[PDB]
There are 2 protein chains.
Amino acid sequence: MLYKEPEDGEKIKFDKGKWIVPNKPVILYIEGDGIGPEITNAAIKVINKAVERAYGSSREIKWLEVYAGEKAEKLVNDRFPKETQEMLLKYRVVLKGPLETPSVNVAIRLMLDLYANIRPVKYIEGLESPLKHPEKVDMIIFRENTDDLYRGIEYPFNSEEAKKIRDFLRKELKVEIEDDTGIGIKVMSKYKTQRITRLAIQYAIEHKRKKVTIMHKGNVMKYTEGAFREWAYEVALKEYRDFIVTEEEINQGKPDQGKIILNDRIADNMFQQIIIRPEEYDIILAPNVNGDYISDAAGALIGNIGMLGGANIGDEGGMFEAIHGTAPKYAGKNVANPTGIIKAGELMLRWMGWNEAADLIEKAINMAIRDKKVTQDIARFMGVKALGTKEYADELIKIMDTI
Amino acid sequence: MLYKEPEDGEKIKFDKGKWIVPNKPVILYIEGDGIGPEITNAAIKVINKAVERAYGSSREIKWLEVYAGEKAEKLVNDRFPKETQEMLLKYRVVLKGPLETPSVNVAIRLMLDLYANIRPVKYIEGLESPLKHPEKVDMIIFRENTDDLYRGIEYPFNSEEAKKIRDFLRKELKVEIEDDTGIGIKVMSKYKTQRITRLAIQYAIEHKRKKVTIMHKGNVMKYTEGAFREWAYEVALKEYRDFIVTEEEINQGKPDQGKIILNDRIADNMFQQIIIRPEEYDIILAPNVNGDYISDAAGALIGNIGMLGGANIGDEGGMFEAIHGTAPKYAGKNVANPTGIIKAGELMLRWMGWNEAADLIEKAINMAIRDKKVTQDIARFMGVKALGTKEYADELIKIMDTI
């Protein structure tokens with residue numbers, strides 16, 4: 001056996017995806033390549049303090065390190081070892097550092113069935129920002145991570161498969177396509193749409209969020225994006241009636257918006273409104289391609305994209321990770337910024353229901369940034385001495401001990 | 001006919017996609033609805049002044065008004081009269097105000113085959129921006145205006161049409177797809193991509209630009225977007241070899257960057273870049289949906305969206321318009337801002353090869369705004385009393401009389 005499960009631990013469980021967490025949950029973690037070992041072990045240190053300072057031994061994460069990537073290769077000769085997979089299907093929750101793409105990330109998502117990609121982007125107190133007023137950006141994107149025309153159903157223009165489709169459409173649908181065309185089949189799932197809409201509303205109800213906007217270009221693509229918006233509304237009302245209110249209803253004769261507001265906006269002006277009035281958005285729900293575009297812009301609203309964390313949640317499991325590469329160039333030098341992976345840890349806490357410790361990490365970070373206790377990649381523009389990876393983590397801990 | 005054609009004017013003979021303009025070109029214009037009359041006449045006033053001040057009496061535009069929209073409904077009982085169509089097919093270039101939708105915008109695009117949507121976006125001076133440093137924003141977006149999912153080949157998840165498609169992909173392509181699936185076929189034309197790339201390059205050459213970047217998601221949609229990139233690169237290197245240089249070429253030795261530079265970038269991260277350092281973009285080339293989204297993100301950079309102008313160009317014709325609605329609320333109150341349509345008139349001047357006239361207008365607008373001589377939409381945010389629609393155009397005219 002490679003691993004030795006913590007006998008004082010207990011698997012996190014799921015009921016209708018409610019995610020029920022024990023006082024001593026076993027959580028997996030993969031160091032990752034490059035800077036991973038450093039930012040991740042630093043993350044695990046700040047989270048434990050955030051847990052003990054908020055619950056004081058009444059709760060404690062029993063970490064279990066599994067191997068994947070170059071560590072697994074340089075030790076067991078398998079970049080993704082069977083024992084590692086068995087621990088993943090059993091414990092179902094991993095905080096994983098960055099891993100090169102020499103696939104492991106896809107493998108994990110597939111085997112745990114993580115369909116929803118979550119990207120929370122809120123401004124942190126004293127960071128540089130391309131915006132003049134970023135101090136209002138507090139949104140979280142919910143992306144259905146295997147649904148748009150990312151499924152892969154496409155063919156080169158000079159392929160016979162493409163010829164088959166062109167012949168088909170021409171006589172079976174009376175649709176005429178030229179020969180010099182590349183063809184892709186965009187597919188929009190009803191089930192997939194409903195599954196992610198549930199997660200979005202659920203999350204809003206658990207963390208008492210107020211607005212849930214649907215990003216869509218359903219005015220032009222009626223049966224894919226348009227269908228998405230329709231279904232989203234359908235299941236939101238057929239299943240969470242007592243919790244939400246359509247924008248069309250408060251803007252009507254049955255107001256009282258003291259609960260979740262489900263509304264929608266065409267995707268065209270979306271890119272405008274996030275750059276000029278980011279406060280207009282809270283929780284954004286959209287298909288796979290939109291979410292890939294909207295989120296990158298989102299994170300641009302507030303510089304230091306590598307200080308954000310994300311997640312991949314499924315009906316029963318989750319994977320959390322910083323949103324940056326392995327930076328093999330700064331590996332083992334105690335220079336890298338561990339904020340990105342610590343922020344994934346925070347998100348992992350929120351999902352866990354442990355909002356008190358999540359909130360501590362957030363406050364600790366905000367404090368340190370405005371107090372100039374930062375790693376070199378930020379202090380460069382904050383003209384002050386840079387703190388190392390371990391030191392930055394310790395400053396957070398040292399701060400956390402004095403709320 | 002009801003249109004008395006200028007007998008001292010000549011047709012613009014764009015033969016090679018280059019636009020061969022006489023000294024007295026005949027140009028059609030449509031006032032438009034709501035604020036159409038006011039803002040369009042103002043535009044015509046300032047444009048004739050720029051022409052005259054730059055070329056004296058050696059050149060003069062021979063304006064010819066054609067009816068469309070609600071004006072044509074009152075005068076001719078036809079939203080888009082056949083006579084108006086004869087003039088469009090004959091003179092082929094129009095400056096048109098905004099028009100409601102009970103559309104003629106799409107009809108003109110169709111009958112003149114204007115496949116290219118051009119959107120130049122550049123900062124002004126005293127204009128508020130949501131960006132801290134919007135100064136080095138001088139973009140121009142070249143969008144293929146009828147090429148992908150916008151062609152309309154989609155079907156709802158419960159259509160017999162969709163059933164035929166789901167059957168085909170199964171028995172003939174052997175691809176697995178659920179039944180609760182909306183379907184859209186993304187098409188990408190090798191021909192369409194080449195014609196718009198030519199326009200793009202042809203524009204950089206004639207207007208001393210120096211960078212054409214290809215926006216695409218060729219990393220997940222290789223056979224459509226990826227094909228777009230491949231084909232764009234092909235026609236460039238094959239038909240404009242002596243005018244351009246790929247990114248990969250300069251760094252791989254022999255520089256010669258004294259010619260237009262051509263490169264590409266993935267679209268996901270492109271949306272972050274336009275926000276943190278938009279100066280990195282000159283001419284952006286992209287497919288239909290991408291450019292539809294990249295266009296709003298940019299432009300949302302400078303904020304005053306209604307002060308932007310755009311064009312729809314074909315191999316031999318052109319439509320120029322402000323990028324804003326008809327604002328029925330401000331109709332006939334001399335309050336609407338005419339800058340947008342004027343900017344369209346500016347882009348029109350440029351395409352005609354009359355850069356002197358174009359530069360006058362541009363400098364004039366910058367001087368009026370830095371000197372706070374603006375309409376209500378802008379005065380409201382910069383302390384002084386607004387100028388009316390007429391008065392503002394008059395100020396520009398006196399300004400051009402000085403420079």
Side-chain angles (χ1 to χ4, degrees), chain A residues 129-133 149-150 152-157 159 161-162 164-165 168-169 172-173 175 177-178 180-192 217 220-224 226-228 267-277 289-290 292-294 296-297 299-301 303 305, chain B residues 129-133 148-150 153-157 159 161-162 164-165 168-169 172-173 175 177-178 180-191 217 220-224 226-228 267-277 289 292-301 303 305:
Chain A
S129 171
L131 270 50
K132 274 204 288 177
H133 301 300
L149 65 168
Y150 275 8
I153 304 167
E154 67 179 331
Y155 304 107
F157 77 104
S159 67
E161 287 80 346
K164 266 262 63 190
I165 311 177
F168 181 69
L169 309 177
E172 305 304 311
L173 286 305
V175 178
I177 293 187
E178 324 86 281
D180 65 303
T181 63
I183 302 168
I185 283 72
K186 201 196 201 278
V187 182
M188 199 88 245
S189 174
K190 179 203 186 73
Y191 171 62
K192 282 181 177 55
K217 193 73 188 179
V220 184
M221 298 171 279
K222 292 144 292 190
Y223 312 123
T224 58
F228 184 98
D268 47 69
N269 70 65
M270 220 85 178
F271 278 112
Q272 275 180 45
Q273 281 301 85
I274 76 156
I275 296 174
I276 62 180
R277 197 168 180 171
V289 178
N290 278 192
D292 189 83
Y293 288 130
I294 181 64
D296 292 317
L301 297 181
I305 273 175
Chain B
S129 171
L131 238 55
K132 206 184 290 293
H133 204 183
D148 56 39
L149 294 167
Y150 282 21
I153 303 171
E154 60 163 340
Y155 304 105
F157 71 98
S159 67
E161 284 84 2
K164 268 263 65 189
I165 297 178
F168 179 73
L169 299 175
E172 304 291 321
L173 269 295
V175 166
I177 42 180
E178 292 170 337
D180 62 331
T181 57
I183 293 175
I185 300 167
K186 190 184 178 61
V187 181
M188 199 98 299
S189 178
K190 143 88 99 92
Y191 177 59
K217 206 73 197 306
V220 294
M221 286 180 272
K222 311 175 192 64
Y223 304 129
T224 56
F228 192 99
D268 66 70
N269 76 100
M270 198 151 255
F271 276 111
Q272 317 170 316
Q273 290 286 66
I274 42 179
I275 298 181
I276 72 89
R277 67 142 165 60
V289 76
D292 180 45
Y293 286 107
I294 199 67
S295 284
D296 308 299
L301 260 58
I305 190 71

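Sequence lines set the chain letters: A, B, ... in the order given, protein chains first and strands last, and positions in each chain run from 1. Below, each value reflects all heavy atoms present in this structure, side chains not excepted, and no hydrogens, waters or symmetry copies.
Nearest approach of A:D180 to B:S189, heavy atoms of both residues: OD2-OG, 2.8 Å. Here the closest non-hydrogen pair linking B:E178 and A:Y191 is OE2-CD2, 4.1 Å. Here the closest heavy-atom approach between residue A:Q272 and residue B:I305 is recorded as NE2-CD1, 4.0 Å.
Ranked by heavy-atom pairs shorter than 4.5 Å toward chain B, the options A:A300, A:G184, A:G226 are led by A:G184. Chain A forms the most heavy-atom pairs under 4.5 Å with one residue out of B:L301, B:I177, B:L131, and that residue is B:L131. Ranked by non-hydrogen atom pairs under 4.5 Å with chain A, the options B:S159, B:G299, B:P130 are led by B:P130. The candidate with the highest count of non-hydrogen atom pairs below 4.5 Å against chain B, out of A:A297, A:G152, A:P156, is A:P156. Interface check for chain A: of the options B:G303, B:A267, B:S295, B:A227, the most heavy-atom pairs under 4.5 Å are formed by B:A267. With chain B as the partner, the residue from A:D268, A:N290, A:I274, A:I294 showing the most heavy-atom pairs under 4.5 Å is A:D268.
Residues A:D296 and B:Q273 have side chains not in contact (no heavy-atom distance under 4.5 Å, counting atoms from C-beta outward). Considering only heavy atoms from C-beta on, A:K217 stays 4.5 Å or farther from B:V289 through its side chain. Looking only at side-chain heavy atoms (C-beta outward), A:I275 and B:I275 come within less than 4.5 Å of each other.
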Run the side chain to side chain contact (heavy atoms under 4.5 Å, CB included) test on B:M221 and A:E154 for me, step by step, so that the C-alpha distance in whole Å, both residues' side-chain angles and the decisive distance to 0.1 Å come before the verdict. CA-CA 7 Å; B:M221 286 180 272; A:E154 67 179 331; 3.9 Å; yes
Is there a side chain to side chain contact (heavy atoms under 4.5 Å, CB included) between A:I183 and B:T224? Walk through the geometry before answering. CA-CA 6 Å; A:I183 302 168; B:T224 56; over 6 Å; no
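Only the side chain of A:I153 comes within contact range of chain B, judged by heavy atoms closer than 4.5 Å. For a residue to count as touching a neighbouring chain, one of its non-hydrogen atoms must lie under 4.5 Å from one of that chain's; by this rule B:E172 touches chain A with the side chain only. A:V175 touches chain B through its side chain: at least one heavy atom from C-beta onward sits under 4.5 Å away, while N, CA, C and O do not. For B:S129, the part lying near chain A is the backbone, with the side chain staying farther off; criterion is any non-hydrogen pair under 4.5 Å.
Both cation-pi conditions hold for A:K190 and B:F157: the charged atom is under 6.0 angstrom from the six-membered ring centre and inside a 45 degree cone around its axis.
A:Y293 is linked by a ring pair (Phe, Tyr, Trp, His ring centres under 6.0 Å) to B:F271, counting only residues two or more places apart in sequence or in another chain.
Separation of atoms CG (A:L149) and CD1 (B:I185) is listed at 12.0 Å; rounding is to 0.5 Å. In this structure, NZ in A:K186 is found 10.5 Å from CG in B:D148, a value given to the nearest 0.5 Å.
No side-chain donor from either of A:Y155 and B:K222 sits under 3.5 Å from a side-chain acceptor of the other.
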